[PDB]
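Asker: Structure here, sequence nowhere to be found:
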């Protein structure tokens, strides 16, 4: 061995294991899915109740970067909200210098280069987080990007990060997100995260949803309570 | 063959070799991807494939062709996170040529500045030397078209036909038999002899959705990316 | 970021700097190159084989000018050469901005070799992997110098670097004398590169630059075919 | 100080006088005011004489560095951009008025650079203290696409107007003709003003000067 | 990062330190220089190493470096490390002259360099210099002087010292043939050719294999003269004439 | 093989902070007792050679007129912490025109005690006692190489620490007097030291509410020895 | 002004195969002499001198920084300096203090070492070099020295008549100046020997 | 900047690089120093010169001021740079507080220059030990020593170097009150101790006294021959 201690050494077949070891820390965080509808993006995070002592609304795995940009994370939570600070700080310098709201193809480009810069040196480690970015503009439509711990970003019509990643995006392509508005989506986001994580491994869990589009007038915010109670009314009909 | 930490950092072996660079050439091959560039009499064509495995992924964000300047385009092989960071340097170094010197940068002077930056990574014992390659095309006055490759060792040379990636050696054995029969090359012939290079090496006989073609010509020196409709025009004319 | 700030080149218990010894092995595995001064100018010649027919041989150059009257070749690895060329291009300019005079060839080797010694002692770097051959005609008399990755330098009449350099130096010892012209030195410099080349030595397999009192210049491939004709 | 330039049908003709006056006293009678930049680009200087010397050598050193790296011929727009970016950085404390001209690939190009950093491309320019007398000759007798015999005759007439009408000017006229293939730099183009000959013999012989102490030291 | 550090500065558990003793082991091989004085004048006899038949033989000397206007030094060891030390104490003597407007005394030039050389053995995490070197010179306080430096950083005054490959063979013969204050600068030249006749294994003493430079005091000159290769071989055979007579008559 | 200087144990403490706790078991023993009449504070000297001058070494040193000290473990790096405590009491007097209390002296030193690293290099291998009389009466504090300080009533520090702490819990009560607390400590030092007790092996210093920091000398000290 | 704080005068003149240089001897502060043996001409190798005039601090300061850079040049290289090369060396030294300038004006005179050819030049206080073929002057009494040399210089002069011309040029121009005088020293150099003379001037 | 901890703690509570550097003190030449009431005496043994070479550049007894002498042991390369840093501070003390430097002040400067130097980054500790001997104001002769860890420590007689504990055991059985009676009587006390050390047969000894009003005065090898004559003759008559 010895070829996998630093992030500055290639393997004798040419790959960095410190990045691949940090990717393995993502599959212990639970599940964060997000699909974009015809006219908006809907996030969704299923949230483990570790003990009864915590408070409903603690330690949110679903951030708010700019007025229109949203973030849902999966990984090591201290590194997640560290990336959420620089992305929130990057969007401020765009507006203060260029005058208008930052677009997503540039915003996910600036963050991913900051993530990539920690996979070159022995002095730092790679981040242990993967996350998603989604927004809506009236001149651009909806956008949905995703960033791995290596620093690779792409666009998606729907993506998933967590433990059961393939078991979640199996059912995403059963949907038809090209035509659905972001009202029927909210019932379908919650349904596909109910069929995952059987009650053997986890006792109880918590739904946490997010929501952006022109129905939210471009601003990013959480769903109201009554709409996600309809999705939890749409919970126990997957047993047929 | 080895003594000290010469397997780990960029210092010399007893044989005069140094292993961290030649470990990094075969980090290009982990993409599973191959690109071909051919220079013509009055044009230059880059062709490369793209592999889209999912329907959930947006097919418009997986382009390996990048526009460096208005008259210079490039294709990237190797790992994705290091390749996109290197494009960010080349866009930056070309803008400083125009600001300092007041005219458009030649394509060989741009490739020299990239290889000098890549030389420093294999020169200090701290950094990791960016396992991805670099192929540029462009039109230079009183020189016609010209193609350059930069590898992560800091080496560069001007070519007449170029391959890079997994199937590099089989494609260069194909092209050197093609060029030494000394046929004249029009626009459509260079496109035909570049598609049929990797169509016989990879043995695919594809449809117009898996490849992407950038081009430059001395009648319109803008680097432009071909539409799938007009790729299909070349593709059905290839099967006589 | 920051650096390492410690020397990774130490003394062996046998008293030998091991990394400098290993860097000379990379020099010996380079392309062969010969250089001969003869009484009015210096001839530098190298050996340049492309790996396939696809390469454009008129794109990069081994023989490089430093100023109006100083040329420079190497025998080592590629990307390390282009670093200390650009360094030596600048050092000739700070001499000229002070003294308003082209730099003597002896004073250039004082300053290029002082870079390489400074570079083999400082923290967190491996030494260079090239040797150099530097020519020039300052104040009538020509000059021919050779540096190494350690940082030393010498004053040769004729030498050879690269592969089979121990066979080249025996060949030059039985051929070179004190009294030759420049064009006689060209014919005996192609004759010694023919000792280790491939089967065909065309006008693009080699690259020759000369100095005169008229200054340094590099031969175009037209007359290189003329010198390659009527050879051996 | 009177410098001037023109663009004829093939290239550029530059011209200047040869006088440097410290205060109101003529210090130098043969000060060369046309400088070298590249083998196709020259420049004329006016203003502070030490500031123009050290600036025209720095930029000429950098284009020698730049052209030897690129391996081809320099361009005139590069020397324009190097000058007006460093003169603006020194905020006009470097007083250097420059007339820049050369023939690159794109053709002849003539610039005039002011010591705060403002430039302009023009077909004919004059700088210096006697620039106003030389501009009146160009303003009356210019015509586009002249031949170089008309261009050499026009510039030498315009420099001579600054000789006989300005106090801080006037000696031999320098010229330089830059074309696509020919460089004719020639300092004594014409001698309009000589020195009168001496009449009285002032000549003293050895022994008319009292010496207190002498020392002799041989050399070899 | 602390795994790759070699710790060139710490002690050894036996008390000494290894890194300069390896450098003083490398100073044993690769060169031979010696000096001698007893009267007006002091000489440096150095043995050339590269004697290949294709060299230009320029730069006025090979291992002799004129430091000040009235002192010079001979060097031994790593030649690349030698060039950096030479043009380092060359401007120590000038910044002394800039400050006091007087030429530097020969002793406190040695102490200035040997404080720079000592600091690399003591902190910084740095390879020391594998260079030991002699010093000849003149000053108005003590006249002709002769010094020796070490890579550890300690110096000393001497009358005769060699740092050759068989330096210990030479020093044992120098203290068998000497005289305190009576060896003028012809007997010292005669004794110099006798010593390097022994320590050089290459016999017969080729006149191009050695270098000799003298420092004689002329009234305001202090002439440092590298004597040419036309008067070496007559001094070689002058040793060779007497040794045939001294052997046969005994 | 080689850790850093800044590495946690698998049991979780540290390495070189815990190693420095072992280093103060080699110093000379020291005893201080807080009494409502005042703080008495003693030490041994551990004289090695007959040729050694005895008064050149010291362990009790004063910080201010109302604060004394006592050191153990290593000595050469204790002189750094004493000098930082002296400057700190003068800056407090300069700006506030009053005397810094005994507790707030100690945390000014304890914040310095854990500041080694690889920026801006090892913990201090000393252990200190602080005897003083501020406005809350007489006080007695004890810091650590770890930077932990706590008010004690009768603390014994040195190589004979746990042997003295057992014999000190049985003689102390809250209503001592200063004349007998001095006599009680010299009985403990007589048991634990190597050589016989005289007027040269040890020294004492007391601080009272009335007078300032007073250190005994070889004339008023041996009356307690002969009347032990 | 600042140049008139101490006075001074330096003249160089070119001969046939020889070149002479002369200067005054007075050191003083604005009205008042102090001594009459102040050195203003300094040797820079054999057959090559330099004269300094202006503020008496920068006369002694520049002549020590220049000697500092000269000895390092002649030890790094194996030869003596050409007369043209020293002119570029001084012009570098003054221009570094572009905004903190030394208040002096150097005059360089010497023979070229290989082909024994004379050379004269002068520089302003920020280093604009001006080479001539007849004479250069520097100091406070400059205009008096132009009336001498324009009327007395001849093109091809043996070292005897070269001495007589530069003596009569200095003894009359300095006599008309108030803050310059108290003696004149004259160096005249040539390829075989070198000659220093002191003139009988007015101590008035 | 080379920032690295060099001297760290041990698993039992020691410092490796400090206790290694004390061994390098224990193989230098032996220096012995005593003190009297009006005159101090100190002198290194084991001169060990080549006896055909220079000797005024080999001296190991120097002067920091007019009133402070200093001898040392250990390796001489690290030693003389400590002296030059002590010659500056004792001069800058005079630009401050007007008196000449007391001998207690200059030893705290050397010890505090050495303690912080085992505490810093990237620095091996000093490998020397010293004896600082002087006569301050009011005429009080005293001396000190300096451990390589930086613990200044006064004495009445001391001996460091190779073969020190043998001499230091001999000094305590020999130092009486009446041995400091006369000035030349105290010199033979040193000469008997060094002759009870590494060889010291009169040619390798070099003593130097100070009579509280002078500079340091080295006797040539004529009193060292004369004192060794009368000391051995006093031993040849008693035994």
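Answerer: Alright, I've got the coordinates. Numbers count the residues shown, from 1 in each chain, chains lettered A, B, ... in the order given.

Asker: Residue G:85 should be in a helix, yeah?
Answerer: Yes - under DSSP: H, G, I helix; E, B strand; the rest coil, residue G:85 falls within a helix.

Asker: quick one: it and residue G:108, what's the gap?
Answerer: 11 Å (Cβ to Cβ, to the nearest Å). Heads up, the C-betas are built off the backbone N, CA and C, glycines and all.

Asker: So which of these two has more stuff around it?
Answerer: Using other Cβ atoms under 10 Å in any protein chain shown, the more surrounded residue of residue G:85 and residue G:108 is residue G:108, with 25 against 14.

Asker: Tell me how far the more buried one lies from chain E.
Answerer: Computed with Cβ to the nearest Cβ, to the nearest Å, the distance linking residue G:108 and chain E is 21 Å.

Asker: show me the contacts for that residue.
Answerer: Residue G:108 sits next to G:12, G:48-51, G:83, G:86-87, G:90, G:119-123 when contact means Cβ atoms under 8 Å, 6 or more residues apart in numbering or on different chains.

Asker: Helix, strand, or coil at residue G:11?
Answerer: Under three-state DSSP, residue G:11 comes out as strand.

Asker: before we move on, what about residue C:227?
Answerer: Strictly by three-state DSSP, residue C:227 counts as helix.

Asker: Would you check that it makes contact with residue C:184?
Answerer: No - contact status for residue C:227 versus residue C:184: not in contact, 11.2 Å apart, counting by Cβ atoms under 8 Å.

Asker: Neighbour count for the two, which is higher?
Answerer: Neighbours were counted for residue C:227 and for residue C:184 using other Cβ under 10 Å; residue C:227 has more, 18 against 14.

Asker: Quick check: chain neighbours aside, which residue is closest to the more buried one?
Answerer: Excluding its sequence neighbours, the residue lying closest to residue C:227 (Cβ to Cβ, 6 or more residues apart in numbering or on different chains) is residue C:186, at 5.5 Å.

Asker: residues making contact with whatever helix or strand the one you found lives in?
Answerer: Residue C:186 is part of helix C:182-193, with elements assigned from DSSP states H and E. Helix C:182-193 is contacted by residues C:32-38, C:40-41, C:43, C:45, C:47, C:160, C:168, C:171-172, C:175-176, C:180, C:201, C:206, C:208, C:210, C:212, C:227-228, C:231-232 when judged by Cβ under 8 Å, 6+ apart.

Asker: among those residues, which are in strands?
Answerer: With strands taken from DSSP state E, the overlap with the contacts of helix C:182-193 comprises C:33-37, C:43, C:45, C:47, C:160, C:206, C:208, C:210.

Asker: Give me the buried subset of those residues.
Answerer: Neighbour counting by 16 or more other Cβ atoms under 10 Å in any protein chain shown classes C:33-37, C:43, C:45, C:47, C:160, C:206, C:208, C:210 among the ones in strands among the contacts of helix C:182-193 as buried.

Asker: Identify, from the residues you listed, the entry nearest to residue B:57.
Answerer: When these are compared for distance to residue B:57 (Cβ to Cβ), residue C:47 wins out at 50.6 Å.

Asker: do you know how far that closest one is from chain E?
Answerer: 20 Å.

Asker: Might you report the residue contacts of that residue?
Answerer: Shown in contact with residue C:47 (Cβ under 8 Å, 6+ apart): C:31-33, C:162, C:193, C:196-197, C:205-206.

Asker: likewise residue E:111?
Answerer: With Cβ under 8 Å, 6+ apart, residue E:111 has these contacts: E:155, H:80.

Asker: Just checking: what are the partner strands of the helix or strand where residue F:31 lies?
Answerer: Take DSSP H and E as the rule and residue F:31 turns out to sit in strand F:30-35. Take DSSP bridges as the rule and strand F:30-35 pairs in its sheet with strand F:38-44 (antiparallel), strand F:154-157 (antiparallel).

Asker: Please identify the most buried of those.
Answerer: Compared across these, strand F:38-44 shows the largest average neighbour count, a mean of 26 (mean count of other Cβ atoms under 10 Å in any protein chain shown).

Asker: Name the residues that touch it?
Answerer: Taking Cβ under 8 Å, 6+ apart as the rule, strand F:38-44 contacts F:28-33, F:59-60, F:68, F:70, F:72, F:129, F:131-133, F:138-140, F:158, F:178, F:181-182, F:185-186, F:189, F:193, F:201-209.

Asker: Pull up the gap between residue E:222 and residue E:184, please.
Answerer: Distance, residue E:222 to residue E:184, by Cβ to Cβ: 18 Å.

Asker: for residue H:161, that is, sorry about that
Answerer: Distance from residue H:161 to residue E:184, by Cβ to Cβ: 41 Å.

Asker: which of those two has more neighbours?
Answerer: Set residue H:161 next to residue E:184 and count neighbours by other Cβ under 10 Å: residue H:161 wins out with 24 against 13.

Asker: my read: the more buried one touches residue H:24, true?
Answerer: No - counting by Cβ under 8 Å, residue H:24 is not a contact partner of residue H:161; they are 10.9 Å apart.

Asker: Can you get me a residue count around residue E:191?
Answerer: By other Cβ under 10 Å, 21 other residues sit near residue E:191.

Asker: sec struct for the closest residue to it other than its chain neighbours, please.
Answerer: Excluding the flanking residues, the one nearest residue E:191 by Cβ to Cβ, 6+ apart is residue E:177, at 6.2 Å. Under three-state DSSP, residue E:177 falls in the coil class.

Asker: So residue E:177 sits against residue E:188, correct?
Answerer: No - contact criterion Cβ under 8 Å: residue E:177 and residue E:188 do not qualify, at 10.9 Å.

Asker: of those two, who's got more company?
Answerer: residue E:188 (21 against 12).

Asker: If we go by neighbour counts, what in the host helix or strand of the more buried one is buried?
Answerer: Using DSSP H and E, residue E:188 sits in helix E:187-199. Neighbour-count burial for helix E:187-199 flags E:187-189, E:191-193, E:195-196, E:199 (criterion: 16+ other Cβ under 10 Å).

Asker: Equivalent analysis for stretch H:211-225, please.
Answerer: For stretch H:211-225, the neighbour count (16+ other Cβ under 10 Å) marks H:212, H:216, H:219, H:224 as buried.

Asker: I'd like to know how many residues surround the closest residue to the first one other than its chain neighbours.
Answerer: In this case it means residue H:212. Using Cβ to Cβ, 6+ apart and skipping residues adjacent in sequence, the residue nearest residue H:212 is residue H:135, 4.1 Å away. Taking other Cβ under 10 Å as the neighbour definition, residue H:135 ends up with a count of 22.

Asker: what's the answer for residue B:167, then?
Answerer: Residue B:167: 19 surrounding residues under other Cβ under 10 Å.

Asker: can you pull the contacts of the spatially closest residue to it that is not a sequence neighbour?
Answerer: Distances taken as Cβ to Cβ, 6+ apart put residue B:34 closest to residue B:167, at 4.6 Å, once the chain neighbours are dropped. By Cβ under 8 Å, 6+ apart, the residues touching residue B:34 are B:48-49, B:77, B:163-168, B:171, B:198, B:201-202.

Asker: separation between residue H:198 and residue D:73?
Answerer: Taking Cβ to Cβ, one finds residue H:198 at 80 Å from residue D:73.

Asker: So which of these two has more stuff around it?
Answerer: Remark: of residue H:198 and residue D:73, residue H:198 carries more neighbours, 17 against 14, as counted by other Cβ under 10 Å.

Asker: Settle this for me: the more buried one is touching residue H:30, isn't it.
Answerer: Yes - using Cβ under 8 Å, residue H:198 is in contact with residue H:30, at 6.0 Å.

Asker: can you list residues touching both of those two?
Answerer: Residues touching both residue H:198 and residue H:30 (Cβ under 8 Å, 6+ apart): H:45-46, H:162-163.
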